[PDB]
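K.L.:
Counting along the sequence shown from 1, when you hit position 10 you're at 10 in the authors' numbering, and nothing is skipped either side. Where is the CB? At the ideal position from N, CA and C, for every residue including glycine. Sharing a structure here in structure tokens format.
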Amino acid sequence: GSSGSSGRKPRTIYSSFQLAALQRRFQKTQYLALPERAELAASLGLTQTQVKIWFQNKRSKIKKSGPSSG
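Okay, here's the thing in structure tokens:
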């Protein structure tokens with residue numbers, strides 16, 4: 001649109017430690033309650049604004065085929 005979110009780096013947008021728990025939590029449920037979403041931000045050391053976009057984006061890029069659009 002204006003700036004464009006582009007870039008290439010070996011360090012995934014998220015660390016292995018943060019991801020592990022994240023993905024491990026997502027598989028359980030796509031949505032996270034109040035204290036549930038904060039748990040990842042307080043545990044992984046991230047913020048609700050980060051764990052939120054991570055859970056949302058994923059839903060769109062769900063390795064699993066079916067619900068995703070095309």
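Looking at residue 22 and residue 34, is the spacing between their C-beta atoms short of 8 Å?
P.N.:
Start at 1 with the first residue of the sequence shown, and residue 34 comes out as number 34. Start at 1 with the first residue of the sequence shown, and residue 22 comes out as number 22. No; because the gap between Cβ atoms is not below 8 Å, this pair is not in contact.
K.L.:
Please list the terminal residues of the continuous alpha helix (DSSP H) segment that includes residue 22.
P.N.:
Position 22 of the sequence shown holds residue 22. Segment 16 to 26, the alpha helix (DSSP H) holding residue 22.
K.L.:
Can you tell me whether DSSP reads residue 41 as helix, strand or coil?
P.N.:
Taking the sequence shown and counting its residues from 1, the one referred to as residue 41 is at position 41. Helix at residue 41.
K.L.:
Looking at the structure shown, is residue 34 part of a helix, part of a strand, or coil, going by DSSP?
P.N.:
Start at 1 with the first residue of the sequence shown, and residue 34 comes out as number 34. Helix, per DSSP.
K.L.:
Taking the straight line between their C-alpha atoms, what separation do you get for residue 17 and residue 28?
P.N.:
Start at 1 with the first residue of the sequence shown, and residue 17 comes out as number 17. Start at 1 with the first residue of the sequence shown, and residue 28 comes out as number 28. Using only the alpha carbons, I get a separation of about 18 Å.
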